[PDB]
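A.B. asks: Residue numbers (PDB author numbering), protein chains in the order written: chain B, 101 to 199; chain A, 1 to 99.
The following block contains the structure, expressed as structure tokens.
Protein chains: 2
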Amino acid sequence: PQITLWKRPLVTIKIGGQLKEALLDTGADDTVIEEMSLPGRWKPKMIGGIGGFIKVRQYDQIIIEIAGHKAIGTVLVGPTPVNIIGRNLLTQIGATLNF
Amino acid sequence: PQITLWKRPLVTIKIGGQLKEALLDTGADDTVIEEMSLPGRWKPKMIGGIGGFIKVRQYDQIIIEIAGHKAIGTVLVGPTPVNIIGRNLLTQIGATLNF
Ligand SMILES: CSC[C@H](NC(=O)COc1cccc2cnccc12)C(=O)N[C@@H](Cc1ccccc1)[C@H](O)C(=O)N1CSC[C@H]1C(=O)NC(C)(C)C
Numbered sequence: 101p102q103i104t105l106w107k108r109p110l111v112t113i114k115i116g117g118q119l120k121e122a123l124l125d126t127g128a129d130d131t132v133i134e135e136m137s138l139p140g141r142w143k144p145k146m147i148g149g150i151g152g153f154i155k156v157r158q159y160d161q162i163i164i165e166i167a168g169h170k171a172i173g174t175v176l177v178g179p180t181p182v183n184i185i186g187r188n189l190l191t192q193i194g195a196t197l198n199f
Numbered sequence: 001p002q003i004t005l006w007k008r009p010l011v012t013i014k015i016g017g018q019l020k021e022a023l024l025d026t027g028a029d030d031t032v033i034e035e036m037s038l039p040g041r042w043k044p045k046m047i048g049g050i051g052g053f054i055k056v057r058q059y060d061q062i063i064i065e066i067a068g069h070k071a072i073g074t075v076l077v078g079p080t081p082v083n084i085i086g087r088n089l090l091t092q093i094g095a096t097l098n099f
């Protein structure tokens, strides 16, 4: 699709068999999801945004569908204000910015 | 242009007679620039994201040339770690996300 930016670029994702809403975020290096259960071991990660830095849990090689497009990659879990689909997964789905 | 997302989508902007580097950010509702002077009246705003909120000054009817494309709109000024071009100005330069 071609997604314009007059509204937030919200999509449905599927992760853990569950549908969630998330934002396609070109300003985010990484993908950050609200507290949920994911399988496997996690590693510590600090990420920084507008307000400072937060601790999150890093899960690798997680199966995730984004707007119907299949991806498998790193998902961070933590106190994010919104579910964020960042560049690590935007690249997997072939997304570009165009103007 | 077509900007891939393998790296941060940074571009040069001109604002208030000054050149800056800024991030093209579909995840941001607003455009946020590091401390600088701008003309006109302003009002305070709190904006929130990863790590919480910061206080900024809101200036209306400001022009930013973004990678050669002129856009007018609201610009927030405050202690952001990165200059952010948000959706309010991305729309004006005709930016879309494509996949
Ligand atoms: C994976 S979540 C973390 C992410 N940060 C990054 O990708 C990169 O951060 C940084 C890059 C370089 C220097 C930095 C120094 N101090 C902190 C962060 C830095 C991030 O928060 N990105 C946001 C933009 C941004 C990038 C860099 C610094 C600060 C913010 C995001 O694209 C957005 O728009 N978000 C996510 S939460 C809501 C919204 C947002 O912040 N909106 C505004 C700007 C407050 C309107």
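The C-beta atom is built at its ideal place from N, Cα and C for all residues, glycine as well.
#1: Name the chain B residues whose beta carbon is nearer than 7 Å to that of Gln2(A)?
#2: Using a Cβ-Cβ distance under 9 Å, would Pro144(B) count as near chain A?
#3: Does DSSP put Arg87(A) in a helix, a strand or coil?
#4: Please list the residues of the segment 128 to 159 of chain B that have a C-beta atom closer than 8 Å to any C-beta atom in chain A, keeping them in chain order.
#5: How about the segment 103 to 117 of chain B and the segment 7 to 14 of chain A: do they share at least three Cβ pairs that are nearer than 8 Å?
#6: Suppose you measure from the CA of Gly194(B) to the CA of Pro1(A); what does that come to, to the nearest Å?
#7: Specify the secondary structure class of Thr180(B) as computed by DSSP and reduced to three states.
#8: Does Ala171(B) get closer than 9 Å to chain A when you measure Cβ to Cβ?
#9: Is any beta-carbon of chain B found at less than 9 Å from that of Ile84(A)?
#10: Of the residues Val82(A), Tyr59(A), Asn98(A), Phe99(A), which one's Cα is nearest the Cα of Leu23(A)?
#11: In three-state DSSP terms, what is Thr74(A)?
#12: Can you tell which of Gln18(A), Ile50(A), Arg41(A) has the C-alpha that lies nearest to the C-alpha of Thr74(A)?
#13: List, from N- to C-terminal side, the beta strand (DSSP E) runs of 3 residues or more that fit wholly inside the segment 42 to 73 of chain A.
#14: Tell me whether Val32(A) counts as near ligand 1, meaning its Cβ is closer than 8 Å to at least one heavy atom of that ligand.
#15: Cβ closer than 8 Å: which chain B residues qualify as neighbours of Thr12(A)?
#16: Could you check how far apart the C-beta atoms of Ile15(A) and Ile33(A) are, in whole angstroms? I think they sit under 8 Å.
#17: Mapping the DSSP letters down to three states, classify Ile93(A) as helix, strand or coil.
#18: Figure out for me which residue from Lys45(A), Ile66(A), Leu97(A) has the closest Cα to the Cα of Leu19(A).
#19: Apart from the five residues just before and just after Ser37(A), which ones in its own chain have a Cβ nearer than 7 Å to its Cβ?
C.D. replies: In short:
#1: Reading the second sequence from its first residue, position 2 is the one you call residue 2(A). Result: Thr196, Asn198.
#2: To locate residue 144(B), count along the first sequence from 1; it is residue 44. So no, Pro144(B) is outside the interface.
#3: On the second sequence, residue 87(A) is found 87 positions in, with the first residue counted as 1. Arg87(A) falls in the helix class under three-state DSSP.
#4: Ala128, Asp129, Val132, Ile147, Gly148, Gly149, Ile150, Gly151, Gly152, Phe153, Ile154
#5: Not touching, per the Cβ criterion.
#6: Position 94 of the first sequence, counted from the first residue, corresponds to residue 194(B). Position 1 of the second sequence, counted from the first residue, corresponds to residue 1(A). Rounded to the nearest whole angstrom, the C-alpha separation of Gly194(B) and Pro1(A) is 16 Å.
#7: Start at 1 with the first residue of the first sequence, and residue 180(B) comes out as number 80. Note: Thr180(B) maps to coil in three-state DSSP.
#8: By 1-based counting over the first sequence, the position of residue 171(B) is 71. No, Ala171(B) lies away from the interface with chain A (no Cβ there is under 9 Å from its Cβ).
#9: On the second sequence, position 84 is the one that residue 84(A) refers to. Closer than 9 Å to some Cβ of chain B, the Cβ of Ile84(A) qualifies, so yes.
#10: Counting from 1 along the second sequence, the entry for residue 23(A) is found at position 23. The shortest Cα separation from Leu23(A) among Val82(A), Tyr59(A), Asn98(A), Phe99(A) belongs to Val82(A).
#11: Taking the first residue of the second sequence as 1, we reach residue 74(A) at position 74. Strand, per DSSP.
#12: Within the second sequence, residue 74(A) is the residue found at index 74, counting from 1. The residue with the shortest Cα to Cα distance from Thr74(A) is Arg41(A).
#13: 42 to 49, 52 to 66
#14: On the second sequence, residue 32(A) is found 32 positions in, with the first residue counted as 1. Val32(A) Cβ: within cutoff of ligand 1.
#15: The count along the second sequence starts at 1 and reaches residue 12(A) at position 12. None at all; the shortest Cβ gap to chain B is about 14 Å.
#16: One-based indexing of the second sequence puts residue 15(A) at position 15. One-based indexing of the second sequence puts residue 33(A) at position 33. With a Cβ gap of about 6 Å, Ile15(A) and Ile33(A) count as contacting.
#17: As a working note, residue 93(A) is residue 93 in the second sequence. Looking at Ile93(A) - three-state DSSP - the assignment turns out to be coil, as it is neither helix nor strand.
#18: In the second sequence, counting from the first residue as 1, residue 19(A) sits at position 19. Residue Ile66(A) is the option with its Cα nearest to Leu19(A).
#19: To locate residue 37(A), count along the second sequence from 1; it is residue 37. Cβ neighbours of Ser37(A) beyond the five flanking positions: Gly16.
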